[PDB]
Ligand code: HEM
Ligand code: HEM
Ligand code: HEM
Ligand SMILES: COc1c(O)c(C)c(C/C=C(\C)CC/C=C(\C)CC/C=C(/C)CC/C=C(\C)CC/C=C(\C)CCC=C(C)C)c(O)c1OC
Ligand SMILES: C/C=C(C)/C=C/C=C/C(OC)[C@@H](C)[C@H](OC)[C@@H](C)CCc1oc2c(O)c(OC)cc(OC)c2c(=O)c1C
Ligand SMILES: CCCCCCCCCCCO[C@@H]1O[C@H](CO)[C@@H](O[C@H]2O[C@H](CO)[C@@H](O)[C@H](O)[C@H]2O)[C@H](O)[C@H]1O
């Protein structure tokens, strides 16, 4: 047989990237996964090169990043790639997840695939938070303060967990040094989780836009999808480049260009954009404990979809009601984000509480009710007795 | 020479729209000093200011001066 | 090697699909085809069709949310202006 | 296009020629861009400001 | 939130450096430095800017050396261990007016003048904001505004009450290049200078972006074409079904 198939190392490459049978009809929405691997690589490479010039001590962290920006040859390119890349990593992840939601990718036999994906999402959010704290700007200090405090809501031992996470009385040197060490570690755990994600993907293969079997017409990954992936890889790089070179700070917060101050929390404090919908959810609950529980539940509820989707067909392509409510969900999510960016004021507080309800109602009420109705509609529209 | 920005501002404060805006600000300023001279002004917790009317004036001026100021600068 | 669990996808030669018979396919080398320039005149009016069926599913939910957003924002602006400070004290606490 | 068949004659361009052309491109392209860029910003550059200075 | 608390929205001025193909105006940077030295430097530090970065940007190697030497910096102790000073060199960072935070607050009614090295990037509005703030002090605050003692009114600052008084006045600086030193002109210059302080890579960054975007755009258009070619056989493929007899 060909060497690519006989060699122990190359056969892995062959089965995953060359001869892997792909359903002939997958569309550009199936290009997000490769884009995520590319994002992971960009974050790791740029972070290691910057680590070479970074000091984690709380007294030097902010200046060491300014040093990367001013004195390191091409340093600003590395930092801007890393920062803007993190944002692009989230934009693509949301699209990858939304694609799964729309096409019923979370369904059997891909439940394990979906569950591992949820874990990766949690780890990615934690990784970005740890990195954000390393800059040690104003948003870094308060973000670290607020987020480590999320654990104080745990009854009895909560405050002990926080003092342990901090390594002291408050967010200080011990805190930033351990957050940098952890920021360096997690990306590699994410890499291992991605391999487990690809392993689950390999046993059943990708799904397709029709939601039915792809077994009757497959085409090799090599050539077709390798070059098709190339198309979105360049488009992705072009757009990332426009931000990195022409508008590098548009997706960030001006307060992070101010060294962290333990005695003053800016009135302008706003979480990173990709965290806004979750932030809004927490803010909508006027209780400390319930606020943090509901926010975490907003992520874990994604695990419920394989069970609440009662439909007999995979995906929303041929489902009028499901398509409509899917978009209600998407735009409701964007609203949650817009609410997160707003002040805790009158119209906003109530809108956030209603949007929060709609968010949970989608998975727990709308999908099971609507999918059941659609099941019945499909039946009575053709059975003549 | 005279400041280029002050020039363009003065010029626009004297247009039809500008006069209308200073008038509304003026009518507010008048109403305010009358309330100050009356007894019990210190303890009222409902003192009116004219920031809003002032902002409308300043906003109009900004909108007209901003796109022109630099052609007059070096 | 070690026994592998049954799945819903095999590999070339045993994909796991049903036995096919009666279907005949035809194709022509990309080399023998008209170089990329014909995707117009014949493939232009045909396009844009796969969004004429979908835009309503996107637009209506979008509209509902944009309106809801605009309304709440304009109301907040009113509440914090002079004219609405009376209503503000009412709806606030 | 017969222009292609004169240089490469129905065969694809080989890596060596691709690599060679890349080194050439890099130099040419950079000068072309720097020239346009500096010309587009004539008067604002330090080169221009230094000319108006004498010390 | 109320307009006063939010602060007046700064308008968009036509900065010569706005635009993908635009570099900073280096003459304005040069002038901006003078305004900083003669006005701002009395209360504002510029800690992140090293003398050497000025060379080839706004001043000559000689001019910067003279400027650095006007300041004394701590040197290495002598043969006997006693401390000693030294004139400044290009490797040094522009010195600040105050020795520590406490001394800075004492000289400003308890307020702390922030360092201006990143001020342009550390505020929404960027150049538009900084400029507007400097040229936006009204001779008298709007009617009804109870301004605290030692404070000043500026509509562009959140809350309207700012601890920095107007410091720019017509002809308070004598521009070396003969330019009329009006307040709006001086504001336009320091701001341009401060943008460079915060973004020294600006000119070079946009030049690299131009090359990067051209190469990537081409690669993008090219990949589309290559993909369509590699897929032509599949896209135009045709099927026919002839039901098998039993
Ligand atoms: C998927 C992985 C990663 C993500 C999502 C990520 C994300 C981030 C984020 C959001 C920041 C702050 C960006 C900013 O400056 O505003 C950051 C900073 C940083 N990251 Fe990462 N990071 C990742 C991997 C890595 C790795 C492996 C390293 C290797 C050491 C690393 C090193 C750093 C350093 C040195 C900083 C500080 C410099 C800076 O602010 O850009 N990162 N990261
Ligand atoms: C770093 C993150 C990730 C990487 C590198 C990654 C990569 C991939 C790849 C290569 C594919 C195949 C191509 C495609 O369908 O796009 C895939 C499929 C899939 N992934 Fe991910 N993924 C990531 C995160 C996630 C997350 C966060 C989820 C969900 C919460 C998820 C859910 C899925 C599902 C369900 C599929 C199957 C889609 C289908 O065939 O219909 N993935 N992923
Ligand atoms: C044209 C020269 C100057 C420039 C460019 C300038 C610029 C600035 C800027 C941008 C701020 C920050 C405002 C904000 O937080 O948004 C500020 C604050 C301040 N400046 Fe200046 N400044 C100048 C001269 C001066 C001088 C000479 C003094 C000392 C008499 C001074 C004292 C202060 C103080 C005390 C603050 C604190 C404001 C507060 O916290 O309320 N500045 N300045
Ligand atoms: C059936 O479905 C599939 C499918 O199976 C596959 C495989 C793909 C193709 C896509 C992929 C295989 C994506 C895979 C990506 C990854 C596994 C990324 C893993 C991440 C990493 C970060 C790798 C680790 C990297 C390093 C150690 C290098 C960094 C450090 C360096 C270079 C050292 C620097 C230092 C010095 C001193 C020079 C599809 O597109 C697809 O659907 C269409
Ligand atoms: C060693 C690792 C540790 C201790 C922690 C890791 C795990 C935590 C998370 O998830 C993994 C966590 C990021 C959370 O996830 C639920 C996100 C949605 C956070 C959402 C979030 O962000 C904020 C933020 O960014 C801010 O910045 C200025 C400020 C903030 O208040 C004003 C917030 C905030 O109020 C919330 C809820
Ligand atoms: C990841 C970093 C990027 C590195 C550079 C990217 C790769 C560039 C590869 C450039 C040239 O690689 C080149 O490809 C062409 C096919 O396209 C090969 O050509 C081969 O196939 C073509 C096509 O059937 C035949 O006409 C030709 O006679 C044959 O030799 C050529 O021998 C090889 O040398």
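Since chain E takes its numbers from Swiss-Prot, the residues it shows come out as 62-307.
Structure determined by X-ray crystallography, 2.3 Å.
Each residue, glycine too, has its Cβ placed from N, Cα and C.
As recorded in Swiss-Prot:
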TOPO_DOM  E:62-262  topological domain 'Mitochondrial intermembrane'
DOMAIN    E:88-241  domain 'Cytochrome c'
BINDING   E:101, E:104, E:105, E:225  heme c binding site
REGION    E:131-168  region 'Disordered'
Residue counts (helix, strand, coil, in that order) that DSSP gives for the region 'Disordered' (E:131-168): 6 helix, 7 strand, 25 coil
Heme c binding residues E:101, E:104, E:105, E:225: largest Cα-Cα distance, in Å and rounded to whole number: 11
Additional residues around heme c, ordered along the sequence, whose Cβ is within 8 Å of the centroid of E:101, E:104, E:105, E:225: E:100, E:102, E:103, E:174, E:177, E:228
Number of other Cβ atoms within 10 Å of the Cβ of residue E:225 (heme c binding site) across all protein chains: 18
Local backbone state of residue E:225 (heme c binding site), from DSSP in three classes: coil
Among E:101, E:104, the most crowded of the binding-site residues [Cβ within 10 Å]: E:101
Three-state secondary structure, residue E:104 (heme c binding site) (per DSSP): coil
Neighbourhood of residue E:105 (heme c binding site), C-beta criterion under 8 angstroms, separation at least six: E:97, E:157, E:158, E:174, E:175, E:176, E:177
